[PDB]
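Read-outs: derived from the displayed coordinates by stated rules, not from any lab. Ideal geometry is used to build each Cβ from the backbone, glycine not excepted, and the neighbour counts take in all protein chains shown.
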Ligand SMILES: *CCC(=O)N1CCN(c2nc(=O)n(-c3c(C)ccnc3C(C)C)c3nc(-c4c(O)cccc4F)c(F)cc23)[C@@H](C)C1
Ligand SMILES: Nc1nc2c(ncn2[C@@H]2O[C@H](COP(=O)(O)OP(=O)(O)O)[C@@H](O)[C@H]2O)c(=O)[nH]1
Ligand SMILES: [Mg+2]
């Protein structure tokens, strides 16, 4: 049984914790301590293979060095968090000395109306990085499994 080391990064308040908690426990957390950084484990079957996911919810050096894939999370109603994504990717590139790192761009809070980041904008950013873009709602669970499992499938191409 395989293990995949995943790291969830992005600006404050985008839903890093809510996404991770939704994935693990199938529950939307209305407020989760913004200072709690911890790693969580989750047994999954992905394309017929039993895997143990090891997920760091950032809020650390060891996981950046050995982490195999990163979720770059912004919120679709938080333009600053989207603009911040560049800086998070630059930090990952430095720690990995590579711009060929498994990553998925995640636009969270898709259940909220009147988005300020268009899907097109995010698709264009992900295209420039050569990575997938996936929209999620930690509230409704839409796309949550897709985001984490796609990151696994990106790691497997590596
Ligand atoms: C609401 C609280 C919250 O969720 N936070 C998330 C973690 N975090 C954070 N802040 C931050 O300034 N950097 C960072 C550093 C330390 C240096 C340069 N740039 C940045 C940002 C602007 C990209 C964070 N950097 C990382 C990170 C490192 O250090 C290495 C590789 C990959 C990374 F994502 C990180 F995980 C969190 C950073 C604050 C906002 C609190
Ligand atoms: N409506 C909605 N709210 C969300 C979603 N994800 C997170 N939130 C809310 O956004 C706030 C910040 O979420 P949190 O997980 O703590 O963000 P973090 O700082 O990146 O860990 C919380 O009040 C969450 O309830 C979502 O998909 N939809
Ligand atoms: Mg958090």
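Points to keep in mind about this one:
- Filter result for residue 114 (within 13 Å of residue 75 (Cβ to Cβ) and surrounded by fewer than 16 Cβ atoms within 10 Å (Cβ to Cβ)): yes
- Residue within the stretch 99-116 that is more than 16 Å from ligand 3 (Cβ to nearest atom), over 12 Å from the mean Cα position of the chain (by Cα) and part of a helix (DSSP H, G or I) present: no
- Scanning the stretch 1-39 for residues that are touching a strand residue (DSSP E or B) at 6+ places or on another chain (Cβ under 6 Å), more than 9 Å from ligand 2 (Cβ to nearest atom) and closer than 12 Å to residue 148 by Cβ returns 4, 6, 7, 24.
- Of residues in the stretch 1-60 being assigned to a loop (DSSP other than H, G, I, E, B) and more than 16 Å from ligand 1 (Cβ to nearest atom), the one nearest to residue 104 (Cα to Cα): 47
- Residue that is farthest from the chain's Cα centre (by Cα), among those in the stretch 61-98 that are in a strand (DSSP E or B) and within 16 Å of ligand 2 (Cβ to nearest atom): 75
- Residues in the stretch 35-74 that are more than 15 Å from residue 4 (Cβ to Cβ), exposed (fewer than 13 other Cβ atoms within 10 Å of the Cβ) and in contact with a helix residue (DSSP H, G or I) (Cβ under 8 Å, 6 or more places away or on another chain): 36, 65.
- Scanning the stretch 40-58 for residues that are over 14 Å from residue 148 (Cβ atoms) and either more than 11 Å from ligand 3 (Cβ to nearest atom) or more than 17 Å from the chain's Cα centre (by Cα) (or both) yields 48, 49, 50.
- Of all residues in the stretch 75-116, exactly one satisfies the criterion of being touching a helix residue (DSSP H, G or I) at 6+ places or on another chain (Cβ under 8 Å), more than 15 Å from ligand 1 (Cβ to nearest atom) and over 15 Å from residue 143 (Cβ atoms), namely 116.
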